[PDB]
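Included below are structure tokens for two forms of one protein chain, each presented in isolation as structure 1 and structure 2.
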Structure 1
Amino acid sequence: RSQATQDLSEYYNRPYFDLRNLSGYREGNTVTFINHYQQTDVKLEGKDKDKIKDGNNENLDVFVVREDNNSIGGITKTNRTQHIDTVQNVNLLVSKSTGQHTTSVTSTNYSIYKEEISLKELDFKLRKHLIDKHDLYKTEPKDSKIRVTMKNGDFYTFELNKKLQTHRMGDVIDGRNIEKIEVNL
């Protein structure tokens, strides 16, 4: 067992906090949120620096993972449409190699509740699901990966042997445009 794996387990097997439909105040590369008398400071470390305006920004959601709550990225536009049913249903396929020629495949529905969702959030919640249901980080992850494919055929890959890169945590996608999620373990 590597320390690197133990660290990934520790980082990912933890609570997150959701802030919904709040204003964020940006100065420099930090955005601050106040909620129930607690301050959450969020660092802008990628393309989110171009999206979030200096000063007050209204009607934001934030997916928070403590690195006060201090966190990186995870900011999105709040839902503009209030949905009863899910925003998008996405088929999640997890293929676990069980031998030279054998694979165990689990094919389920993964529910998206946000019109705009950060890579941070998708990454964190999918790894939490794999930790809970697929023994992720009980063994060395090697070349295991999550691929999120979009309806236009574009895709994003999360390599499971390292944390999501900080520069990607502020990256956002349209939840309605997610086509499939495939995981190789």
Structure 2
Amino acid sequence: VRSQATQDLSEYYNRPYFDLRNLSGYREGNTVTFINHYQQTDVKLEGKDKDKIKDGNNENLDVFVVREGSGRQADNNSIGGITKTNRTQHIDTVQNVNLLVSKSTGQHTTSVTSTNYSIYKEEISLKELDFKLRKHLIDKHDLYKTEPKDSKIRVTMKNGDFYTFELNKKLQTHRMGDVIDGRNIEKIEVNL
């Protein structure tokens, strides 16, 4: 079975995305404007990111961009995904963590995939982790070819804190601007 709800998740997580690195964003109201090679990207702040981003100019940011509709209307602007850029613009990973994907393949059978997952950003948004991990799962683990049910991604930190992305719904918009230290990620576990 493939419900419309599942189909809508496939649609969302197949949206075009891009990223911008080490540039200024100018905040007016709750919208941050980025200009990169004369192209404008407006980003909506609607969570804790409202306390993080200053009114006016903010230097040396990165942004993970997922457009919310097509095209030019303001309600289609990307939401959250702003972080401070790395201390340097070096290309090396800043952390590497185990990614464990466990999938029920039958009544009595489970498949377990264990790989290294590279972290490049010192400060990373839940938006980016959510979108990119789902991309991995869609590509490699057939996510959304079946009903996701209670499947989830959990990102666990070195202090034992964790962050969960329930796969049967989009990441909540108010969580998209939440950020974490990528170097404090301990492991990532996915149950399918």
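Here the rigid core means the biggest group of C-alpha atoms that line up within 1.5 Å when the two forms are laid on top of each other. Just so we're on the same page, residue numbers count up from 1 along structure 1's sequence.
Engineer: Can we say the CA of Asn109 moves by at least 2 Å between the two structures when the core is superposed?
Structural biologist: No, because once the rigid core is superposed, the C-alpha of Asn109 moves less than 2 Å between the two structures.
Engineer: Core superposed first, then measure: what is the displacement of the CA of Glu10 between the two structures, in Å?
Structural biologist: Comparing between the two structures after core fitting, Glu10 shifts 1.0 Å at its C-alpha.
Engineer: Let me know the CA shift of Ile84 between the two structures in Å, rounded to one decimal, core fitted.
Structural biologist: Its C-alpha position differs by 4.6 Å.
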